[PDB]
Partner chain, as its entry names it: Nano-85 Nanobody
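Only one chain comes next, encoded as structure tokens, the form deposited without its partner chain.
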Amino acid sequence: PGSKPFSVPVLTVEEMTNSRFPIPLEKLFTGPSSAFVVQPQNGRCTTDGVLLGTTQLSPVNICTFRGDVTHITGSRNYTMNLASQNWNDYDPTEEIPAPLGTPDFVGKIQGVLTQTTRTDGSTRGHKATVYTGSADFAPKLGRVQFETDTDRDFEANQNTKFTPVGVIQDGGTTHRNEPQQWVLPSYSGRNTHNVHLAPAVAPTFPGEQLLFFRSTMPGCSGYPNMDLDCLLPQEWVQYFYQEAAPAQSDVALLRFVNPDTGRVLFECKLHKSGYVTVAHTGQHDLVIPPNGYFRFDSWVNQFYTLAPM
């Protein structure tokens, strides 16, 4: 009784960041999810500040890789032997699904591989793409592969970084049928079982749906599905981690307030395991004031009935 008061930050949606790719939030979206399994590994955190899945604290690290590269002779492809984010040796023994910040969806992520030669400080950067559905995508084992636009420029045994930019669609896939944001990679490679996963989430209360914090990933080629939905803004992960306020019930009731009118636009349930639901049936792009923000009002139970969104 009387535990440290819980709260959410006073930040607008546009002031916040996707927790699944290093891009700002744009909008709120709700829709049915019974046709897929919603089990992202980034953007996972309890309200009392326990990080889950592959979630870490800074959004700039999400979908980045570091290590050194080995040329696949006769190609423009390179295997990256992963390092830790601080350039130390990779330690695969942590009880996590994959290094923190590893991509948590199947898709073709395009970005840039950069490298510095230690002896002289010479540098180089080239377009690179990682296919996280590849049989050889095995970040938990410390290896991933990049397709690049060079077969000779990258040196072995030198620090190399991948900075993500966006996603592509190619290879005869159907328009907007990739990336597949709700398909988890096999983190140890094809036909291995993922471990230490944050659980799947779903609305369980009749008439409820998940509320998604949505961005549009940049597209780099083809006709990709650029929608990217996270369960928590990165800033909420950061805030809960720092506050570590105890949950007094299973559900924190939040009101989304419009400062231009002083009135509540909608209310929602922030589940203590770290996801949000609203009372709505159907796909809906929420129309919000850009200065709107969420406000924690009370601890309720999972069987509280929300006002329709």
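Residue numbers count along the first chain shown, from 1. So that the term is clear: the rigid core is the largest set of C-alpha atoms that superpose within 1.5 Å between two forms. Shifts are known only where both forms have a C-alpha.
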Between the two ranges 89 to 97 and 130 to 138, the one averaging a larger CA B factor in the entry = 89 to 97
Once average C-alpha B-factors are taken from the entry for 175 to 183 and 214 to 222, the winner is 175 to 183
Looking at 162, 146, 154, 239, which has the biggest Cα B factor in the entry?
-> 154
Given 39, 56, 33, 273, the residue at which the Cα B factor reaches its maximum | 33
Can you work out whether the C-alpha temperature factor of residue 259 puts it in the lowest, middle or highest third of the chain?
-> highest
Which third, lowest, middle or highest, does the CA B-factor of residue 300 fall in along this chain?
-> highest
Cα B factor band for residue 26 (lowest, middle or highest third within the chain) | lowest
Could you say whether, by C-alpha temperature factor, residue 282 belongs to the lowest, middle or highest third of its chain?
-> highest
Would the CA B-factor of residue 198 place it in the lowest, middle or highest third of its chain?
-> middle
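The form solved in complex with its partner chain is left out here; the points below concern that form.
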Within a 4.5 Å heavy atom cut-off, is residue 248 in contact with its partner chain in the entry with it bound?
-> yes
Given that the partner is absent here, does residue 38 sit within 4.5 Å of its partner chain in the entry with it bound, heavy atoms only?
-> no
Can you name the residues of 281 to 309 that have a non-hydrogen atom within 4.5 angstroms of its partner chain in the entry with it bound?
-> 296, 297, 298, 299, 300, 301, 303, 304, 305, 306, 307
Moved regions between this form and the one not shown after rigid core superposition (C-alpha shift of 2 angstroms or more, 3 or more residues per run) are 302 to 304
